[PDB]
Amino acid sequence: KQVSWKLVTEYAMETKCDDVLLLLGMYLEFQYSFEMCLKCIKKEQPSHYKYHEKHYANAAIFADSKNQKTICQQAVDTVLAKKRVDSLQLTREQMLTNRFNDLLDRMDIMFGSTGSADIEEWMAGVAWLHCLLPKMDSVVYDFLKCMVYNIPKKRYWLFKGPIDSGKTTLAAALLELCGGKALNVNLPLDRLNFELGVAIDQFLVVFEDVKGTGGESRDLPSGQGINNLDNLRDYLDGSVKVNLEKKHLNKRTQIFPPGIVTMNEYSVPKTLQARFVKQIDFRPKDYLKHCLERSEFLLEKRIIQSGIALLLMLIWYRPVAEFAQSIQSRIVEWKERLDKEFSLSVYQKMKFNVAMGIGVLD
Amino acid sequence: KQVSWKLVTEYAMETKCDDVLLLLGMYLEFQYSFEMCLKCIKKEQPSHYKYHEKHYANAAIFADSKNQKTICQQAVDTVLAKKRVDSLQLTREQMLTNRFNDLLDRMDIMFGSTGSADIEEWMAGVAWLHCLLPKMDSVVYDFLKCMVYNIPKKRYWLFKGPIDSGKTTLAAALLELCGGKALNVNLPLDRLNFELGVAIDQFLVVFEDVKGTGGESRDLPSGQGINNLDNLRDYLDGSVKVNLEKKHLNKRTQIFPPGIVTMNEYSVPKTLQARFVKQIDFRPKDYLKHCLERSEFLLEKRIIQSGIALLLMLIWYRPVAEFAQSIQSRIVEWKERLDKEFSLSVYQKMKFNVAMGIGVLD
Amino acid sequence: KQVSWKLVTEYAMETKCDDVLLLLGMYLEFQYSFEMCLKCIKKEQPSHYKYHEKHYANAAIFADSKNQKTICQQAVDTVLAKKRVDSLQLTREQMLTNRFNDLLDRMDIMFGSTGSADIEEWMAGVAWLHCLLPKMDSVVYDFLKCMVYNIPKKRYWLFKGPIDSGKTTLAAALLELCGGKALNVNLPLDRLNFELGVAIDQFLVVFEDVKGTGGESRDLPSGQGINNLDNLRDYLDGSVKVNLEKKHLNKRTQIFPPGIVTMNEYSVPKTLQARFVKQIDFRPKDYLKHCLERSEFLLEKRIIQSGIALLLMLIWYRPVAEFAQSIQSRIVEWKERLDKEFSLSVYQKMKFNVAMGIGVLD
Amino acid sequence: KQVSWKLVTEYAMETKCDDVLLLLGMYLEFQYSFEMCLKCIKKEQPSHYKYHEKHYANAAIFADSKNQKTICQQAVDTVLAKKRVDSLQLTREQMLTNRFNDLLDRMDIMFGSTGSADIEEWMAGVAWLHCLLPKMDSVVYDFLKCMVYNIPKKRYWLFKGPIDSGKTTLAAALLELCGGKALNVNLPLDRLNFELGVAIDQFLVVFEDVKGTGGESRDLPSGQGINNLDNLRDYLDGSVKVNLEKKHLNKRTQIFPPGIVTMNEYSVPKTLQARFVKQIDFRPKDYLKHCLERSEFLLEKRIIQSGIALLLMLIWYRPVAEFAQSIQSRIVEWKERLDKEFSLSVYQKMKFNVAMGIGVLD
Amino acid sequence: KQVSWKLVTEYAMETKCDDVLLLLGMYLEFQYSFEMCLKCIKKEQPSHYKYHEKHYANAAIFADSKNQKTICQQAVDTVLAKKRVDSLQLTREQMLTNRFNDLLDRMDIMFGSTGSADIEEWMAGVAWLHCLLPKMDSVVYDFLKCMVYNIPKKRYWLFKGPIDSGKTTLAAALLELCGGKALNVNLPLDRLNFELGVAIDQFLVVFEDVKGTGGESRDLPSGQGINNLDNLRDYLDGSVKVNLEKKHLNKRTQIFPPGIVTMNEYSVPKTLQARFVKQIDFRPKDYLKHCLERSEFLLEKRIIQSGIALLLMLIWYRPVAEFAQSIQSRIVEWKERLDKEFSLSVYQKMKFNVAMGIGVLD
DNA sequence: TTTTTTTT
Ligand SMILES: Nc1ncnc2c1ncn2[C@@H]1O[C@H](COP(=O)(O)OP(=O)(O)OP(=O)(O)O)[C@@H](O)[C@H]1O
Ligand SMILES: Nc1ncnc2c1ncn2[C@@H]1O[C@H](COP(=O)(O)OP(=O)(O)OP(=O)(O)O)[C@@H](O)[C@H]1O
Ligand SMILES: Nc1ncnc2c1ncn2[C@@H]1O[C@H](COP(=O)(O)OP(=O)(O)OP(=O)(O)O)[C@@H](O)[C@H]1O
Ligand SMILES: Nc1ncnc2c1ncn2[C@@H]1O[C@H](COP(=O)(O)OP(=O)(O)OP(=O)(O)O)[C@@H](O)[C@H]1O
Ligand SMILES: Nc1ncnc2c1ncn2[C@@H]1O[C@H](COP(=O)(O)OP(=O)(O)OP(=O)(O)O)[C@@H](O)[C@H]1O
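Chains as they are written, first to last, in the authors' numbering: chain C, 266 to 627; chain B, 266 to 627; chain D, 266 to 627; chain A, 266 to 627; chain F, 266 to 627.
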């Protein structure tokens, strides 16, 4: 008898795996009998225990194969090929709904019975976020629309404020929400060529704490970033395709993604200021700090950074109508679950705690 | 029974697919029964639903194959070979005649039964562009002739003007129309080597916002742009072939394509000034801004950036005799459709609104 | 008759052999008769003598294969695949538990009957380390807990004090205990990128001997390192993911490991001071120096450098419940062995000798 | 039945086709019935219509093969091998008379029954070019002989002098005649080293407008060009064989071809100036401009760039005995055809119109 | 029946072909009927006509092979392997022995039955050479044996004296008979590192004219060469191995080869002087300039810096016993020719013509 | 083996 390459390709597809080693190592685990498989029995990893029993017989024959890496290479190509197809054919709206469907699926586990997460802790995080800026949930919705529409020369938001004002915290959550990559452009102009390479097929990008010059007036360290960015104004404008590069790999040509720039309080060339559609001023606030000092499970579990938290905020605040049609059914079910588990008074009590700088809980 | 490599190759010719992963991805979709293929039923992508029923039988056998990437590679080579043959044997006029047929096919879809494009919005865009400069349609015809004739050392048009003058917007539409590439020359002088290698077999090129000097007086921060271009006089002149470069590939020798450069008003060594056969100067004009500020669907659908819009302009403004004979038939049908779909009064109403800076529609 | 690739892969898994050439060389040795094998008879290397008799038959056929390196590559891939699976799935507590099992296996050999080590000399090592700082064993337990929880901000420890005050000694033993890498941030800012690349997939990092500035007032040579660290805030706080680079490789994105910073008595910015959960002062003490003179078998055998010594310290001092439940069984057996071989009076006599600055043994 | 790789390789030889993609594309055209082939019917391309009938049967079987690129790779190597064998064995005269036969074969077609351009125009181009400098034919005959004899140090000719002197125009015609290569050195030495590899197996080379120094007083930017020139003096002198480079392929050592190098009026190291038997510059004669401006089919059809124009000029001006012996049959035959279609008075009419600076074809 | 790979390998060995393309090309020529092979009839190339008849049948089958380049790659490996064996095994004397035998075969070419350069035009070269300076044949023989023995310290001679003195001209000529290279030290030490590192595996070496700093007081330009070489004690002495280095390459270890230093009349430290066996100074000579001016055929066929002209000078002056013991056969066989064809009077006439500075071939 | 890294 012979290996079914088809079943391996299915497993790669269903796990959305695209590392040949991870795929290989995972598939090899199935060669022992699932009936005693302690990973199955302890229900430790779904990407194992869902599949072991299905794939078992083929895994045993695969364990004898002399071609093992070639089989995995073909499977990984298929997963990569599907991403390529999607990049050229989905609407930006559909991409976002797909991404949301995956987060919602992860939320299904986290707050499941096997779910380790305390939904009350995660809901506490939403209170702290809704304090960080005026009209926070409206700001998120405006950003999401901006990213979907991707209007040329109206594509980039500037975050600036003192050190320790939560700008990278907020960027992290948006980036996990949408998917994308961070970039560092405080660099020499040569390595920069490969640095920009990682934007390929990404949805967002974030430029992390770019450095101005002469900021030592405000005691800011000076550096490359701003002067270096002004050369790349084309990539911001997104008005035409550009050519992007990776190590040992020939170029690809695409429009450079929309995104966010984070910055200390340097000044900026208005040639670049003109390219930011919007600017948000962050500020340190004492009650956030004193609340947070008394609420450190927020930090310990990274709740405040995580896109799951922003999604929960939108589900709480926004009308069902604002979500694209197919996910509205899941959105309604989560809304019901949230309202069942939390009164408004409980949420308002939490917000009042944050304002009072006590620990969020009481 | 065995895979027809011939049928795969034929699909790649039919679709003009260049990427082995994109080819692989799309051919796999045909493995499921077209009898119920939701993509077919929803009529979403022409390159799928036209072909699924035909290729289904072969795709089922391809889905089992162990060679898959090899079969796709040969198919992609066949498409690339056809481009090489065409590049060496067509007149530039035939190349453009082919390009127009492809756009016209896309227009037949866009405004066809599936009809996703509103021809009213698209024609409103034509009025906006025809307003952007005097005698706009005449200027387009001049540029096309210049690119077709490709007279040596009379090959390049310079666009100069301040920010938001619209020069990029015009250049973007022209690039789509002819199918060129955009290139960045403000980079360091080394990886220009792999950068300019993108121009292999291209019809047209545009260099974007070439960073010069002297403009620091006016807050144009300077760079290698003008330095690098004056280093490349022969590439502009197209007087003799040059070598071009790609990773893991030996050099290709050919004449460098004609085209366009965009400039905020840095200084220019007159060794470059000699080589631009023409320069056009652009100016911001507030009433256009007030127009877009209401008619924002122009930007959101990117209408004013598209070669599709320029093609519609030419069909409106030019004699049928200016077009190559083989398409004059298709041109006549589109002229007829346009006269049916719009009265001159409607177009005059639009163009009046554009001049008023009110929203184009009323 | 055929080679069993399976038996090779099993050997590679059991030896955890990462390198193809090392794997190849060792397997070939088995082709001679284990029954006469001098290396077996002299019990020189466990990775040989445990295995020779089992693999002999397959090694004989392997010796005639024409595919030899191909067999080894597939085997080595299996070992690498296992590591990446583990990296993405194990808890940090699981990782540490595995690491301890490895050390315990080496100790079983070292102090075995074949064992060349002397448990008494190695216990003399523990007495010296326990004198290096107050409450040494509690300090280790605290450090380990901090690494396992990896709580944001609460992640990094500072070792401070003069030259030859022992800080590097303790760093090295901890680094051996946990596994990890040393890094040197005194470099000029451009080279740091590949330097930090070393951190990829590590459990710990140690920053060696970061040079401040202006400590030359105290004869300390000045350097960049302190400023470089103050510019790496997110790497230390560990709240969000970071991109990391290696030579000829594409970047990977992960949370930067926790770790240790070591320095002489440079002044430290408050911005940097706030990064550290804890600071430990090392001071030179003469009685340790005079003891080391008279007890230099400690240095010669590198006892005081080794994680093996720290593990013995944990076994002697900590309650059994403090260890991960699985290994508690082995821990009891080692505690029992140590209790048998040393009365507390013997151990305390050694501690007294170190306090005298006299030789440890009497 | 199976593909004849032999018949494929014959086509590659007889086309002298030298690119694997071009060859692949070309041969696949033959898979259709030649009996109805539109290209055959058009007599569109000789390299098709001469061969379609002969290769049809083999091309049909080739069209089904799975090895298609491998077949073409072997065929291409046969053509490269033939070139390398000629490269060493032939005398420089024997090479040149082969080159002339190829050009004569084109002219037989160009002015043939297909006749796609008319010798009156090309002869007018001869008149324009003979007008460009005194006794043009004689100066050409010197250059040809100098390149055949290839005397060291007395080996290269300079074209210094202003923009739009036509110096590049003359270089292009000579290079087309000789079948050399252009090369660039205005470059980093660490890619210059590999770029020169194109010099393998070339009769002649040309270096274009190389960046000197001192010319910055005349706005000519100084640069790497002349540094790289005055370095490699061996290559200029042709003093000894030296190595040359290719990707994924063996290097080669051989003497460097003789050549021309061109500049505008930079300064030049006398250490370099030593190495040039002729050291000439070129300056505008404005009436020719006014003629060309009124004779633009000359420039549009690139006639005054072509090598064909030089060969026509030599056929007119030179004695039959000045040519290599074997071709003198064809030389006489073409000398007839000129005289059969032109009086001297017609040629002199053209030349006075040119000298007068007026549209030629009265 | 099938291609003998063996026969191909014999031909490669017999012709000492290093290049897979040459081997392929030439071997394919044998496929045509030997019995009327017109290249054989013309006796153009021994590498063909000596072999075709033997290889014919195999070459026919070779031309039908589908595998051709693979056969040639193995054959080329055989020749390279042969070289690398001998390169490691043999003595410097054996190496020079074979190098003589090669260039004696080059004489058998130069004056074979085609006589394609006149043996006595070459004798006129020998005259100009021996007329150059005192006793030149002995000075050659001494320097040659000095370089063969490579005795420590006794390894470097100093060619002082002004420009155009011939010191460059002569030393370069010896390298034809030896291999080797010349190198630069007029440079700051960061260059000098790589510059020294060039010299790997050279049989002999030379230095560029030392522009001695500390010698500018003689009204001369300088580079750092004096302090450089005076510090480079070991490399000159050749008493021990040293390490050598190149861009992007690791170090290599060898005894630094022996050689020649050249300069104008610069200053020298007594220590740097102690590095040399001989001080020489050259000068331009009024007879010799006017002789070459009147004798330029010696330059035209590259005689005056050929090695063959030195070989003939040796075969003239030096007795048979002074040559490699078996090669002495050939020495007699050329003494036969030279002493037959040339009277001492024509030799003395030629020498006297150089002594009068007049044209040698009176 | 190119490439990326080195080199700069
Ligand atoms: N608005 C705020 N007021 C007070 N403390 C804040 C505020 N925002 C963040 N913090 C505290 O500062 C810590 C760091 O937050 P964060 O990393 O997002 O700051 P940042 O200023 O955006 O950083 P960076 O400029 O380095 O990207 C938080 O974990 C929290 O403890
Ligand atoms: N002539 C114009 N008058 C007013 N607004 C204009 C004009 N042209 C363009 N715009 C506005 O400016 C935006 C950007 O135009 P565009 O990028 O083409 O200008 P540009 O001069 O090429 O700019 P840049 O040098 O920044 O790339 C357009 O999307 C439109 O909103
Ligand atoms: N507390 C101590 N008192 C006296 N001597 C010490 C002490 N600790 C270490 N030593 C001596 O110092 C030597 C070096 O130890 P170690 O490298 O750990 O010192 P360090 O302070 O970390 O130095 P550095 O910062 O230079 O690496 C040890 O081998 C030992 O001889
Ligand atoms: N006698 C002339 N009078 C006027 N223009 C001339 C004359 N000869 C040549 N030119 C012009 O020179 C233009 C460019 O020619 P060419 O590129 O060969 O010159 P060049 O000196 O090599 O220039 P560059 O230094 O810019 O490369 C031609 O298009 C031609 O019109
Ligand atoms: N002694 C001589 N007298 C006259 N002409 C000579 C003499 N030697 C060589 N020549 C001619 O002069 C040319 C230059 O000689 P060469 O470069 O060898 O001299 P050099 O002294 O090494 O010069 P430099 O120190 O300037 O590099 C030779 O190639 C030859 O044509």
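Note that CB positions come from ideal geometry on N, CA and C, so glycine has one too.
Here's the rule I'm using: 16 or more other beta-carbon atoms within 10 Å means buried, otherwise exposed. How should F617(B) be labelled? On the second sequence, position 352 is the one that residue 617(B) refers to. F617(B) counts as exposed, since fewer than 16 other beta carbons sit within 10 angstroms of its beta carbon.
From the DSSP output, in three-state form, read off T379(D) for me. The count along the third sequence starts at 1 and reaches residue 379(D) at position 114. Reduced to three states, the DSSP call for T379(D) is coil.
For the beta strand (DSSP E) containing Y421(A), list its first residue and its last residue. Along the fourth sequence, one-based indexing puts residue 421(A) at 156. Counting along the chain, the beta strand (DSSP E) containing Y421(A) begins and ends at 421-425.
Residues bridged to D342(F) by DSSP? For the purposes of this step, residue 342(F) is identified with residue 77 of the fifth sequence, where counting begins at 1. BP columns for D342(F) are empty, so no partner.
Is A438(C) closer than 8 angstroms to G572(C) when the C-beta atoms are compared? As a working mapping, residue 572(C) is identified with position 307 in the first sequence. As a working mapping, residue 438(C) is identified with position 173 in the first sequence. Yes, Cβ-Cβ distance for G572(C) and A438(C) is below 8 angstroms.
Would you say the beta carbon of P534(C) is closer than 7 angstroms to some non-hydrogen atom of ligand 2? Position 269 of the first sequence, counted from the start, is the residue given in the question as residue 534(C). Checking the Cβ of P534(C) against ligand 2 gives no.
Considering only residues of the same chain and omitting the five flanking positions on each side of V597(A), which have a CB-CB separation below 8 angstroms? Residue 597(A) sits at position 332 when you count from the first residue of the fourth sequence. Within the same chain, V585 come within 8 angstroms of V597(A) by CB-CB distance, once the 5 residues on both sides are set aside.
How is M528(F) classed by DSSP in three states: helix, strand or coil? In the fifth sequence, residue 528(F) corresponds to position 263, counting from 1. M528(F): coil per DSSP, three-state reduction.
Around the C-beta of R540(D), are 16 or more other C-beta atoms found within 10 angstroms, so that it is buried, or is it exposed? Locating residue 540(D) in the third sequence gives position 275, counting from the first residue. Classification of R540(D): buried, given that the 10 Å Cβ count is 16 or more.
Relative to the C-alpha of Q590(B), which candidate in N415(B), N366(B), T478(B) has its C-alpha closest? Locating residue 590(B) in the second sequence gives position 325, where the first residue counts as 1. Residue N366(B) is the option with its Cα nearest to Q590(B).
If contact means a Cβ-Cβ distance below 9 angstroms, which residues of the stretch 442-475 of chain B contact chain C? Correct list: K446, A447, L448, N449, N451, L452, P453, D455, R456, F459, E460, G462, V463, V471, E473, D474.
Taking 8 angstroms as the limit between beta carbons, can you name the residues of its chain near residue 628(A), skipping five residues before and five after? Outside the displayed span of chain A (266 to 627) sits residue 628(A), for which this structure offers no information.
Could you check what DSSP says for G462(D) in three-state terms: helix, strand or coil? Residue 462(D) sits at position 197 when you count from the first residue of the third sequence. In the structure shown, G462(D) sits in a helix (DSSP, three-state: H, G or I).
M401(B): which of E460(B), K614(B), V542(B), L435(B) sits nearest, CA to CA? By 1-based counting over the second sequence, the position of residue 401(B) is 136. Of the listed residues, the one whose Cα sits closest to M401(B) is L435(B).
Nearest residue (CA-CA) to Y531(B), options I374(B), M278(B), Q338(B), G490(B): Here residue 531(B) corresponds to residue number 266 of the second sequence, with the count starting at 1. Ranking the options by Cα distance to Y531(B), first place goes to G490(B).
Could you tell me whether any Cβ in chain A is nearer than 8 angstroms to the Cβ of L394(F)? Taking the fifth sequence and counting its residues from 1, one reaches residue 394(F) at position 129. Using a CB distance cut-off of 8 angstroms, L394(F) does not count as an interface residue toward chain A.
Closer than 7 angstroms between the C-beta and any heavy atom of ligand 2: which residues qualify, listed along the chain? The set, ordered by position in the chain, is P417(C), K418(C), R498(C), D502(C), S504(C), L397(B), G426(B), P427(B), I428(B), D429(B), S430(B), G431(B), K432(B), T433(B), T434(B), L435(B), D474(B), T527(B), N529(B), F547(B), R548(B), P549(B), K550(B), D551(B), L553(B), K554(B), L557(B), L564(B).
In chain order, each beta strand (DSSP E) run of at least 3 residues that lies wholly inside the stretch 493-557 of chain A: Runs of the beta strand (DSSP E) inside the stretch 493-557 of chain A: 507-509, 517-519, 524-527, 541-546.
Scan the stretch 363-392 of chain B for residues whose Cβ lies nearer than 8 angstroms to a Cβ of chain A and list them as they occur along the chain. Cβ contacts with chain A come from no residue of the stretch 363-392 of chain B.
Whose C-alpha, out of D495(D), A464(D), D455(D), is nearest the C-alpha of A447(D)? Walking along the third sequence from the start, residue 447(D) turns up at place 182. Restricting attention to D495(D), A464(D), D455(D), the CA atom closest to the CA of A447(D) is found in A464(D).
Mind checking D329(C): buried by the 16 CB within 10 Å criterion, or exposed? For the purposes of this step, residue 329(C) is identified with residue 64 of the first sequence, where counting begins at 1. Label assigned to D329(C): exposed.
Beta carbon of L626(F), beta carbon of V526(F): below 8 angstroms? Counted from its first residue, the fifth sequence places residue 626(F) at position 361. Counted from its first residue, the fifth sequence places residue 526(F) at position 261. Going by C-beta atoms, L626(F) is not nearer than 8 angstroms to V526(F).
Buried or exposed (CB count within 10 angstroms, at least 16 for buried), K476(C): In the first sequence, residue 476(C) corresponds to position 211, counting from 1. So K476(C) counts as buried.
7 angstroms CB neighbourhood of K432(D) in its chain, flanking five on each side removed: Taking the third sequence and counting its residues from 1, one reaches residue 432(D) at position 167. Within the same chain, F424, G426, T527, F547 come within 7 angstroms of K432(D) by CB-CB distance, once the 5 residues on both sides are set aside.
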